[PDB]
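In the structure tokens that follow, the same protein chain appears in two forms, which are kept apart as structure 1 and structure 2.
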Structure 1
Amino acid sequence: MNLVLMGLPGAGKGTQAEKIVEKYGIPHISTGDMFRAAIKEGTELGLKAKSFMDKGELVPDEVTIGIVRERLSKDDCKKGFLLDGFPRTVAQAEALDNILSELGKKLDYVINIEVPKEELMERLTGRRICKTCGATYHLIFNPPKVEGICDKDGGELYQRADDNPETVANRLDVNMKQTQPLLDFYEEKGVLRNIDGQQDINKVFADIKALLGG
């Protein structure tokens, strides 16, 4: 299965991706995670991405396409993959078609997880992440059992740099501008599948399972 997860910032893509890889054993390819890892390596690519990410802007198309092309070329993507947060512009979507054509592959589904803007703001500002294992919580919808600490080790929880209200506002504006173009692109292809992301995490996943069952 060759899959894209699409959704506005905070819509639950990582949450659902983790459940998809656990069930189906395909690799999770998240451009955001890749940029954050590059930032940690301290690479020139990483540091250039950081300037956009800190402002809630999209990293420019050409560099983003390049890391995706390289990642999809690996042996672990031969039997399927899960792209998460790529593509983010129509130019990226067109590039992906070319990347896949070169590999002799086709997208099966673009799974678009729909949540309203006001809810997404709170998804992000209420997000807390474990410093020591990267487990994700939400102060309202998925709280840790003990305030301020991770359930699975005892690690301190932190707030992603870009989850501050100012940056979240810009993230939402930037990606909302790109949304109708992307939706139309994939509707034309007949591969867009919309999922109601305003449900219990497991009910979202149940809807995705029903789709992937076909």
Structure 2
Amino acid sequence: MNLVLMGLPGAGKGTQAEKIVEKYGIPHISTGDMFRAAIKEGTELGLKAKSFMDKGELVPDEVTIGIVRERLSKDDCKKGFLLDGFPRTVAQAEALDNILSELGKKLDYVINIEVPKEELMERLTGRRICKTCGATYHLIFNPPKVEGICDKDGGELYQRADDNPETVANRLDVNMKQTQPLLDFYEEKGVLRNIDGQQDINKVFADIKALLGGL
């Protein structure tokens, strides 16, 4: 089961990714998670990635492709994987095509979770994520069992530096700019499925399960 989740910041990819991996047991590969881990570790790569991430800009394709290639070479990806938030440029989708040629694999689906722009600000400003595993919550729409504490592992919940209204507006511009070229790319391959992300979390998941049951 070889999957991409795509969608604008705040659309629900992490949320759904968590549910997909619990149900099916494939690895969650999130480029955002990896970069935040790198910045927390203080790696050379993390410190270089921080400047883009703090501005809501994309990390260069070379760096991003490098981290994803390495992740995809691990044994846990041999029975499938979930890419969450990669690719985000047509160059990255082209790279992924080649990578997957080398791995003798193809994407089963690119799941595009569509949410109107106007709703994304509220999703992002109420978002809180776990320090220790990156689980995603929302203070209104999806709160933790206990305020400020992750359901899974008890980690502290925090507001991402980039989930402030100024940085969010730049993020939405930057990612929208890449969206139609990516939709067109995967529409041409015939693997793009659009999901209505303006539904109940569990309804959105129901729709994804309908796609995935076959693989």
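We call the rigid core whatever largest set of C-alpha positions still superposes within 1.5 Å between the two forms. One-based numbering along structure 1's sequence throughout. Shifts are known only where both forms have a C-alpha.
Asker: Does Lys145 move its CA by 2 angstroms or more between the two structures when the core is aligned?
Answerer: Shift of 2 Å or more: yes.
Asker: Can you give the angle in degrees by which the smaller rigid part turns relative to the larger between the two structures?
Answerer: Domain rotation angle comes out at 22 degrees.
Asker: Which bits shift between the two structures if the core is lined up, counting only runs of three or more residues where every C-alpha moves 2 Å or more?
Answerer: Once the cores are aligned, runs 128-137, 142-158 are those whose C-alphas move by at least 2 Å.
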